[PDB]
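Undergrad:
Number of protein chains: 8
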Amino acid sequence: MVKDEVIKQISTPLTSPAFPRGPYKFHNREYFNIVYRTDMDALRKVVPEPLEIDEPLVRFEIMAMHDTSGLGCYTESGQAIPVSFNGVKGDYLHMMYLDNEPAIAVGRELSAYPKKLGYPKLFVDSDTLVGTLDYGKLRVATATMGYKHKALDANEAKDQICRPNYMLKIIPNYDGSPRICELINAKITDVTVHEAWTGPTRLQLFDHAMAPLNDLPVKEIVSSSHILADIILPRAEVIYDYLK
Amino acid sequence: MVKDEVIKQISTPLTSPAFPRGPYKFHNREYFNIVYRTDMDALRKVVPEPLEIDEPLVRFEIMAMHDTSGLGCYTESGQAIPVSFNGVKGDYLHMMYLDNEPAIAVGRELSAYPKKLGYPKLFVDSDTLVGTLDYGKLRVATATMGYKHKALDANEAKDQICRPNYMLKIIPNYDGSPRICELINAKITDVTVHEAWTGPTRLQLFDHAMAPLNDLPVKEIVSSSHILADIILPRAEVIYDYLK
Amino acid sequence: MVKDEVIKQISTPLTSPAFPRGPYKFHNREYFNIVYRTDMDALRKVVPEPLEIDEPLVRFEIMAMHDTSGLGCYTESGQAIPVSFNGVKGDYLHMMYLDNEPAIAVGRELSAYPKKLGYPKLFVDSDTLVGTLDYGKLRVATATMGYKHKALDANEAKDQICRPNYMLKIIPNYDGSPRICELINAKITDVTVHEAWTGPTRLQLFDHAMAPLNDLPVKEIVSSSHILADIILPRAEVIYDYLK
Amino acid sequence: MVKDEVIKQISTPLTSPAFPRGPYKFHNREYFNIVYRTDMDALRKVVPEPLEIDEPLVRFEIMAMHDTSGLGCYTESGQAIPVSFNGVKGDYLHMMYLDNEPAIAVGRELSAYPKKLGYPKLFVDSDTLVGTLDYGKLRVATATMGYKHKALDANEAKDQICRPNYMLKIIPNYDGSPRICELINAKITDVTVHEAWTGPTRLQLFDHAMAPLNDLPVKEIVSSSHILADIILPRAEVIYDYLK
Amino acid sequence: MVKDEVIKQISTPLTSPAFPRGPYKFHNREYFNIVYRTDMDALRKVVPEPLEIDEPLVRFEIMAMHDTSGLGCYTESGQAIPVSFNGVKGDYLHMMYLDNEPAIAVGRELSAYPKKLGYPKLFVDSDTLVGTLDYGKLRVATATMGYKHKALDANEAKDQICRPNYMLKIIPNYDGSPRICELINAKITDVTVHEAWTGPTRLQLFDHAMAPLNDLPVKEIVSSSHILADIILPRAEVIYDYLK
Amino acid sequence: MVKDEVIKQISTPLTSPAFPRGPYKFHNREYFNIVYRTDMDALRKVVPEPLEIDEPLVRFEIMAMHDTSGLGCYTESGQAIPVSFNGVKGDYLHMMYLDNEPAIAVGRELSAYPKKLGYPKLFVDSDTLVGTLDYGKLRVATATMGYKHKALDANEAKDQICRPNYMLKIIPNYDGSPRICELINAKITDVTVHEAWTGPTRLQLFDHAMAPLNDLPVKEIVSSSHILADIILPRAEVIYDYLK
Amino acid sequence: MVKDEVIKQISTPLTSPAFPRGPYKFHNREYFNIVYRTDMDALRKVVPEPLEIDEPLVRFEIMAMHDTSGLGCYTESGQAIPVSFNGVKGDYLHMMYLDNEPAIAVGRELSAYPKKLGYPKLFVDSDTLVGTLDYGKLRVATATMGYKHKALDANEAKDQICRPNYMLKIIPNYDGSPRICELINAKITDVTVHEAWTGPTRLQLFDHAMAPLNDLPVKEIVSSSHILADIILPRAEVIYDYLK
Amino acid sequence: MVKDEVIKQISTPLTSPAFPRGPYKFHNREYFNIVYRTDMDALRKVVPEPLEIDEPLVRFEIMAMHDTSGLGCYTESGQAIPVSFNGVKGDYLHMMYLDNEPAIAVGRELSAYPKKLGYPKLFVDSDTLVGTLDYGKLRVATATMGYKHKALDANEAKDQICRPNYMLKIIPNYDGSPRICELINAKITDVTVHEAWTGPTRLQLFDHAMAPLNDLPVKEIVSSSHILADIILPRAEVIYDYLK
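Residue numbers (the deposited numbering), protein chains in the order written: chain B, 1 to 244; chain D, 1 to 244; chain C, 1 to 244; chain A, 1 to 244; chain C', 1 to 244; chain A', 1 to 244; chain C'', 1 to 244; chain A'', 1 to 244. A prime marks a further copy of an entry chain.
Printed below as a string of C-alpha cells:
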C-alpha cells in the first residue's frame, strides 16, 4: 500500500492488525470483585511512587466479557490496588490476565493495561458463583461467592466502576533504554448497571512466578460485588511523566 | 517501589513484566521455510511503500523454538516478503503467529514484529516434515517436506538467516492518532547453522479473516529449506519515518 | 457468636446457613407443565384431608430456575395436584425433586415444599421441549412438547401461576413425636409472564421406590403449558392445624 | 378421523404432522452473511430463467435460529443469489442446509425453500465469529469474521433482511411428470433489528457432490454483515408459473 | 439454467435436488414386522375416512435399507395400520421415521409416505433380532425377536409385501389453505423374497410428543416376520380426493 | 389420606418421606478425626453462647457410612469444636457436608445437625489414609494419615465417640422470624468399637464461601484417630432455649 | 483317560468340566425379593400342571452371590411363582438370568433351574437399593427399595428361604423327543440369615422377547425383603414324572 | 400350561426355552482350522476310552457363525482331536468356547458338545486372518494365517467338514451320581462349501486353568484351512454307553 494509507493504520500486521479501531463496547460485562486486606510492606513494594496507600487493600477481579465489540468473547482476571494520586483516589492496575490476544494487544498498546495471557473462567456452580484463574496449566486463583445473596445499590456500584484507573505505560526503545515511562489515568463515563449483588465471599490464591497474585496474600475479606453492566472503554491520559 | 526503580523496569506488569530483559538466546531454532510465487496484485496491496517488489514472492515460515532464553519453548509461523529498500534486499515481515505471550509482547513492544496469537506445530510424520498453523480452532496452513532429501550449503543457509528484516512499527496515541509509524531494519548477525536441508515441498493454505495468509495464494513452489540454528535476536534500527 | 446474634440467624450451619434470607427473586423461571388424568383411587390415598379432589388430575411440572437470587441456577421437577380447600381451588404440592441443596433447605424449612434431591433437565432437543427427571442414577420421568406450537393467553398463564399452593409442614419432635403437622397456603402475587405456549404434549413415567411419581399413572393428557416468567415466591400461611 | 377433520390438518403424519401451523416467530435469529464474487459462467448455469444476473455475486449465509416458535432451536447454512425479477431486485434461494426436520418440511412444503439436511454451527472462537457447515460427516464451508469490528446501520441491515426472496416450487406428479413448477416470492414484513455489525471476512469452501457450494467458488470477498433480529416467516406468493 | 431445463427437474435445490429420479431399487431390504392388538378407540381417531378398520391391529415396522439405489444406506421405523378401501385390504401408512433426508423428501414429495426424521437401528444382539427407534435423543421403540426361530412361507411373505399401501398426500397452499388432500394407493409388484422368519416377538414403546407411536399401545402381540427381499417401490395412484 | 394417618407420618413428601423412622443403625461407620490448633479469635466468632472455649481446638472429621439402615451408603465431612456447656465438655457441631439427602433431611429435621450438601471420599492411597471434601466442583479439604501406624485403645476411642454433641436447632417462622432456636444435646449410647488407630497426620484446607472450613485455619496438628465402629444415631434433647 | 475314570466325571469338557462337584457354599448371598400382583390369566399359562395357583402372585428376585464356592462371584435375577404341590406351598421357578456360565450349567444340568445368560446388578445408589437386569444390551428390569427402612423377623426370612422350590427338568433326546420331563423339588435346609429388611419397594419391567418377565406385569406391589444369608443349595428330588 | 403342552416343549424356561427347536441352519459358517503336533503323553490323558490315537494331533478351531437360524450371530473357538472309534476316523470334541448362551445350551443339551462360555473373534488384520479366544478377561489363543495364500480343493474341504464328530454326553443324577454317560456321533450331511484356502499358519497359546488349551501345547504346525460353508447342525447318535 501507498505511504498515505499505511499512516491511517492503527497497528500491525499491516493488513490484519492485532486489534481494530474503537470504540470498544463491552455489552454485559460481568464483574466479580473482591477487596481484601493484605500485607502492607508487600503492597508498598508493588505500588509505584508517587501513588499513595491508605489501608493495605487489594481488589481481586474476574471479569466475563460476554460480548465486546471488536474484541470478542473472553474472560479477564487480576488485581487492582485502591490508591490515591494528588488526593484523587482510584485503582492502580497491578496485573491482569486474559484469554483474548487482541484484547491484550489493545490494552497494552492503545492504553496502558498491565495485561498478560491467562485462562480465567466465571460460572455458577449451583449455589456459588465461582471464578477461577489459570496461568498456563496451573491454577492461581479460585474465588467464590454465595450466589446473589444480597442486593447492592446500583448507584454505588456505578460509582465503583467509575473510579479512576491509574496504570503505567512502560515502552522501551529499540536498544532497551526507556522510551515511555508514564503514569496514566482512565475513567469510565459511559456506564449502565443492570444488577449489583454481594454475599459471603472467599478468595483462594496459589503461588506462581509468572502470575504472582499471592505476593499480596489475602489476610481478610473486606467486601465484594457481583455486577452486570454495559461500558465503553475509556481514553487514557498522562498524569505523571517519570522521564522528567 | 520508588520513582528511580520504576524507570529501571523494562515493561509492565511492573513487578512481573510481560517479558524480561535480553539478550534472547535461541538455541536450536528449527526453520521450515517455503519460498513461493503469488499474485503480484495481491502482493502489491500488502507491501508498504517505499519498499519495492521484484518477483511476486512470499517466504512462508514455521519456526520451532525448542529452547529460547527469557521466552520459553514455543512455535511460530507466518509470511515474510522478499523486498528491497534503496536497493538492499531483505524480508518485509508481513504477519506471524505464535503460542507464547512473552514472545508476542517482546517482539511487538521491544522490536516491531507483526505478531498475533496462533497455534503452530512442527513435527515429522514418519517420512515427511510437517508444519501446521492454527488460528483459534481453525487450520490455516499445512506445510509438507520430504524429510532431509538433499543437503544444503550451511553458508547459504546462514546467508538466508542473516538478511535484513524490514518491519513496520505502528503505535497509536491514547486518542487513536499516529504516535509511531516507522519502517525498521533488524539485521541478524549472531548465528550458528548446525544443519540445512531441502526436499519436495508443498504448502496448503486455508482462508481465515484474522489469519489471512491465503490473501497471498500459492501459485508455485520455488524453493524451501529446513534449518537448525542458534541465533541471537537482533535490535531494530529506524530506516524510514512516515510521520515525516 | 454472642447470644443475641445467634437468635438473628435464619438457619444452620450458624456461620454459613443452609440458605440465606430472602426475598428470592426468580428471574426467567421457565415452567413446563403437563396436567393429566390418573386413577382416582391412587389420587385419594395421596391427597390429605381436608383438601378435596374434584376430577382425578395431576399437574406434572419441570421448572428451570435460570437465575434465582440467593439460591443459584437449578432445575426442579415434581407433581402438583389440583384441589380445593373450603371451596377455594389451588394446587396441593405432592412431591418435588431438585438440583440445589440451599433450594431444598429453604423450601422445606422456611416454607413447606415437599422437596427431595433429584436430577432434572429441561432442554430443547432440536424439535422438542424435553424435560427429564432422574432420582439418583435412575430415570423416572421424560416429558415432551412440540416446541412452542401454539401461543397461550399470557393473563391465563399468570392466573395458573398465581393460584394458591397447599403444602404440608410436618416436623417431628426429637423423639419422633408429631410437633408441627400443619397445612399451609402460599399464593404468588409478584409475577411477570414473558411468554406462554402449548403444543402436542406427552409424559413418560417410570417406577421408582424413592421418587414414586408413577404411583399416579398417566391415563390421558389433559392440558399443558410452557411459561417463562419472573416471580418472587410468597410468604406461607397456616390454614389448618392438624394438632390443635 | 372424520373426513372433515382430515381436511383441516396442514400435513402428515396425520396425527403428528411434519410441522405445525404458523405464524413461525423467529426470536433472536442470528445472521452471518458473506457477499462475494464468483465465476459468471458457473453462476449462470445455476440461476433459473426468468431471473436475471448483473454482477457475479453470491450471498453465503449461516443463520442460528436460537428460538423459533413451532420449529425449535437450530442452525441453517447456504447460498442466496442476488438477482432481479422483471426489474425487481431480490435474492434467489439456491440451496439451504439445516439440522431440523420440521423446519425443512415446512420450508419445502408450506413455502418453497431449497432445503436439505446439513450440520451448521455458529459460534465465537474467542476473537472470531465462526460459521461452519458439514454435509453428513464432511466439512463444506468455514466462515470467519473479526468479531463485531465495525457497526452497521440497523435500518440498512433491516433493508437487507427485507429483500424479496425468490424461490422455486417444484413438485412432481406420482409418475415423475411436472405437477407444480412455480417461481414464488416471499418478503419479510415483521422485523426488529437488534444489532448489526461487519468486519474482516473470509469464506473457505470445499467440494461436495451433495452440497456443492464450491461450484460457485470464492474469487473475492465483497461485503459482510452480522445481524441479530426478530422476524416472522413471510407468506409466499406465486410470481411465475412455468406450466401455464 | 434455461426455462425449458428448469421444467425438467424433479425437485429442489435446482442444481442439486433433494432426491434423484427413480427407479429406486431396494436391494436386500430387511423387514422386521410386528403386528399387534391395540385400543380400537385410539385406532378410530388415527384412521381417516373412508378407510375401514376391522380388528384393532397395528403393524409396527423397522426396515433396514442396506443398499438403496439413488437414496443410500439407511433405516426406517414406523406404524402401518391394516385397513380396507372399498373392501380391498391394505395397510394404511400412519407414521414413519427415517435416517436419510433424500429418502424422506422423495417419500413425502414424489409419493405420500408420512415420513419424519428419526434414528432407527436394526441389529442382532447375539441371541436376538433387535430393532430400536429414537426420536431426537429419546428412545421411543424397542423391538425384539428370537433370532430366525421359525421359517415362514416365502410366498406368504411376498403377499404381505405386495399388498396395497394407503397414504394421505396433504399439501397446503402458501396461505395455509388445503391444496392437495388426497388418499393414494401404492402396491409393490417387482419383488424377490430371499428369506422369511418368525420367532417369539415383543415390542416396547415409550411416550413421545413428536413420535407418538404409543398413542397406539401394545395390548397383545398377534404375529411377526423377519424378511429379506429385493423390491422396486411402486408408482402411487390417487384413489380418493377429499377436495373434489 | 385420612387426617389420622396424615398425623402419624414423620415427614414430607407425605407418601414418600424425606427420611424413614429410626432407629438408624450405623454398621461399620469409619471415622477419620483430626484435632488441631486454630486462631482463637476466628474460633470465638464461630462458637455460639452459652458454649465455652478453653483451647483453640477444632476436630476435623471425615466419616464413611458404609451401611446405615434407612439412609444408605454415603460419606460425611466437617468440623466439630471441643467446648463445654455449664461445665460439661462436648463437641459443638459447626458444619457438616454429605452426599445423601435423606441423611441431610433426618439430620436437620429430626435432630439438629448443621448439614449441607458436599462430596467427601475416604480411601486408602496405598500407604496413606485419605479423606477429601469437595463443595460442588471445588476441593476444600485434603486429609492424610500414615496408614494405621499406631494402635489406639478401643475404650478411649469409644469415650471419644460418646462425647456429648451440642447442636443448634434453628427453624424460622413463615415470615422469617425466629420460631425455634435451641441448643440441643445428643450422646451416643449404643457402640461397638471394632478398631482404633493413629499415625502421622496432616490437614490441608482451601477457602470456599459456602464451605468455609478454612475460616478455622490449621496452625498445628494436635491428635488424630482412625476408628471403625457400630453405633445407633442418638436421640436429641434440648438443653438451652434461646427464646424462653 | 481310562474308561473307569471317564465315568467318574460330573460333566464336560471332560478334563475341564462346565462345573465342579459340590457342595456349593453360598457365602453372603444377598437377596432382593419383590412379591407382586399380576394378571391371573397370564399366570395360568405360565404355571404348569399339576402345580396350583392360589392368588396371582409373582416373586421377582435379584440375588448377589458375593462368594460362591466352586462357581465364583456373580449375580442372578428372575421370577419365582408362589404355588402348591399336593397342598404343599412352594415357589415354582419360572425364569432365571445369570452372569456366570458354570453357575448356569450346574443349575441346569445337576438340578433343574430355568437359567439363561443375563446381566444383573445389585447396588446401593446412595439412597436406594437398586437391582437391575439386562438381557444382552437391553434393560428388562429395574428394582428399587428404600435402603434398609424396616427390619424384618430373621426367622420369618429363614422360612421364606427354606420353602420348597418346584422346577421342571426338560431334556430332549438327540432327535428332539422328550427324554426327561420331570417336576422336581429342592428345599434348603442349611441356612444362616445375617440380616433381613423391608422398605418402600417398586419394580419396573420392560418387554423383551428372550427375557419376557413382563409377560407377568406388575399390577400391585404386595411385599418385599432384603436378606443377607449363608446357604448350601440342596439336593433335588423328583416329585412328578410327566413321562411315566 | 396343560400337562400335554408341558410335554411338547423342548426345554426350560418353560415359556422362554434356552433354545428353540431346529433345524439349525448355519449360513456362511466361517472356519479357521489349525492341525498341529502336541506331546503324546498330554494328549493321551485327555482322550477318553474307547477312542484311539495314532499321531499326536490336535485341531484348533475358530468358527464365526455369521447367520445361524434359531441361535443368532456368534463365534466359537476350541480344540478337536483326530481319533478313531472301532476303526472309523473322526474328531473327538475336547472343549469349545462361545459367546452365545442359546448355542451353548442347545449344544450341551440337544447334542453333546463340550461347550463353555468364551470370547472368540475372527477378523482380517489387513494381510492376516486372525482368530483370538479369551476366557473372561484373559487371552488364551491367538491364531494367524497369511490371508488366502493358497487355494484348497472344495471337495477335500467338504470331506473335512463331514468327518464324524465324537462327543461325550455326561449328565449327573440329582445326587451327583452318573445318570447319562455316552459317547455319541454327529456327522454333517447337508453342506455347501463356498470356498476353501490355506497359507502360512501359526498358533500362540497361553495357560488358563478354566480354558486349558495349552495343556496340549503347539510343538509343530502340520496343516491349516480357511473355509466358508453352509451346513445344517447334524443329529447325534449314541455309539457307546459307559453305563450298560
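Cβ coordinates follow ideal geometry from the N, Cα and C atoms, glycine included.
1) Provide the residue span of the alpha helix (DSSP H) that contains residue 333 of chain A'', from first to last.
2) Run the CB neighbour count on residue 7 of chain C', radius 10 Å, all protein chains shown included, and call it buried at 16 or more, exposed below.
3) Grab the span of the alpha helix (DSSP H) containing residue 162 of chain B for me, first residue to last.
4) Would you mind giving the Cβ-Cβ distance between residue 144 of chain C' and residue 130 of chain C', rounded to the nearest angstrom? I have them listed as a contact below 8 angstroms.
5) Please state whether DSSP places residue 86 of chain A' in a helix, a strand or coil.
6) Got a sec: is the Cβ-Cβ distance from residue 125 of chain C' to anything in chain C'' below 8 angstroms?
7) Report the rounded CA-to-CA distance for residue 135 of chain B versus residue 36 of chain B, giving the unit in angstroms.
8) Just how far apart, CA to CA, sit residue 17 of chain A'' and residue 223 of chain C'?
9) Just grab the DSSP bridge partners of residue 72 of chain B for me.
10) Count the other CB atoms within 10 Å of the CB of residue 109 of chain A''; is the residue buried (16 or more) or exposed (fewer)?
11) Considering just the uninterrupted stretch of the alpha helix (DSSP H) at residue 108 of chain A, what are its terminal residues?
12) Mind pulling the chain C'' residues with CB within less than 9 angstroms of residue 135 of chain A''?
13) Per DSSP, what are the beta-bridge partners of residue 191 of chain A' in this structure?
14) I want to verify the contact list: residues of chain A' whose CB lies under 8 angstroms from the CB of residue 128 of chain C'', in sequence order.
15) Could you check whether the Cβ of residue 146 of chain C'' sits closer than 8 angstroms to any Cβ belonging to chain C?
16) Terminal residues of the continuous beta strand (DSSP E) containing residue 2 of chain D?
17) Measure from the alpha carbon of residue 41 of chain A to the alpha carbon of each residue in A:56, A:184, A:163, A:97, then state which is nearest.
18) Determine which residues of the segment 92–107 of chain C have a Cβ less than 9 angstroms from any Cβ of chain B, and write them out in chain order.
19) To be precise: take each residue of the segment 13–39 of chain C', compare its Cβ to all Cβ atoms of chain C'', and keep it if any distance is under 7 angstroms. Which residues remain?
20) Since residue 201 of chain C'' meets chain C, which of its residues come closer than 9 angstroms, beta carbon to beta carbon?
21) Quick check: residue 127 of chain D and residue 84 of chain D, are their CB atoms within less than 8 angstroms of each other?
22) Where does residue 243 of chain A'' sit, in a helix, a strand or coil, going by DSSP?
23) Provide the residue span of the alpha helix (DSSP H) that contains residue 45 of chain C'', from first to last.
24) Under 8 angstroms between the Cβ atoms of residue 105 of chain B and residue 92 of chain B?
25) Is the CB of residue 69 of chain C under 8 angstroms away from at least one CB in chain B?
26) Taking 8 angstroms as the CB-CB cut-off, is residue 175 of chain A' touching chain C?
27) What three-state label does DSSP hand residue 185 of chain A' in the structure shown?
TA: Taking the structure as given:
1) Any question about residue 333 of chain A'' goes unanswered here, given that chain A'' covers just 1 to 244.
2) exposed
3) 154–162
4) 6 angstroms
5) coil
6) yes
7) 22 angstroms
8) 19 angstroms
9) B:68
10) buried
11) 101–109
12) Correct list: empty, because the minimum Cβ distance to chain C'' is about 10 angstroms.
13) A':231
14) 72
15) yes
16) Per DSSP, residue 2 of chain D belongs to no beta strand (DSSP E) and is neither H nor E.
17) A:56
18) 99, 100, 101, 102, 103
19) none
20) 209
21) no
22) coil
23) 40–46
24) no
25) yes
26) yes
27) strand
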